[PDB]
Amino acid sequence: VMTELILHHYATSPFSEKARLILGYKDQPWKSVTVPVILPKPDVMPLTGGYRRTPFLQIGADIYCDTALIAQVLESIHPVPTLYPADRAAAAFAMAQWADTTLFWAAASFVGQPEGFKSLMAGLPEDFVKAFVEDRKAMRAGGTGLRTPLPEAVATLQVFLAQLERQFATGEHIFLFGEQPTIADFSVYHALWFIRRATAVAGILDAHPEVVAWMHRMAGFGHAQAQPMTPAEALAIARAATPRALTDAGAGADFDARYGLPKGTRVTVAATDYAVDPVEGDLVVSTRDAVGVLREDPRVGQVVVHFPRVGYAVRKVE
């Protein structure tokens, strides 16, 4: 079987929680593959070609990185109930972007303060904690994101939570845009879920009762039905599979060349905010919102690795 949805993630990851909750909302069964929290990730690299962030979605030999894109893929498969109401398209898109960048960075900083950090690392060996701290520092080497100072983090949280509370207090809708959550609900949710996990500093949430109630409604979607799969099993599946763009049916798909890179061009794709690890391959998938690069790994053969455009940089190799 090479059409199962295989999510590569770990339990304590907020961005992984976002994807798992969306899976619940879509009532989409999936396979669960645990990845390491820190480098190195030798069972991950043959799939992603260097991208080390979590989570990513594997379907056969197609590897979809970033939750903004994973959500779009899941929407493609089960469009109902939708994450992207047409009548809220721009507002939901922009709010989700802000939530998954600026808001998340404030939550990370807020939780990174001494009491918060102590709460997060509570049941873990001191070896791992030190390595985690070093791993995340190296992760910030190339970018601009995920380095909001504590005082600005606190203000962004206080200001935003009050606006969130105000909106919900009107009692007009149970989610941000109506009686169904949108992508923006999920993006905001995991940032706040991360704070809730930082037990010693979670009190900031409790000062906002309506926000807490909304979180409870979001949590109710669950994570659908999952079964574990080993990292090795996932690699075998990618190896046996042919990427969609290389099948006779998928090869005729429209290729957006307006961006000035023709099909087949050797490129790299890299995140721009942090973890700026370049992934190299041939540009074989190009849409308005996303790209896909064909690469060849000795252990999985050919895979195509997909990224959204926003938050990433595509450059010609030369």
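Residues carry their position along the shown sequence, with the first being 1.
Once the C-alpha B-factors are averaged per stretch, 216-224 and 102-110 rank with 216-224 first. Per-stretch averaging of Cα B factors for 291-299 and 12-20 places 291-299 on top. Taking the deposited Cα B-factors for 281, 60, 50, 260, the highest one is held by 260. Residue-level inspection of the entry shows that, of 185, 75, 87, 152, 87 has the top Cα B-factor.
In the PDB entry, residue 118 places in the highest third of its chain by CA B-factor. When all modelled residues of the chain are sorted by CA temperature factor, residue 161 is found within the lowest third. In this PDB entry, residue 128 carries a Cα temperature factor that places it within the highest third of its chain's modelled residues. Among the modelled residues of its chain, residue 42 has a C-alpha B-factor that falls in the middle third according to the deposited record. Ranked by C-alpha B-factor against the other modelled residues of its chain, residue 269 falls in the lowest third.
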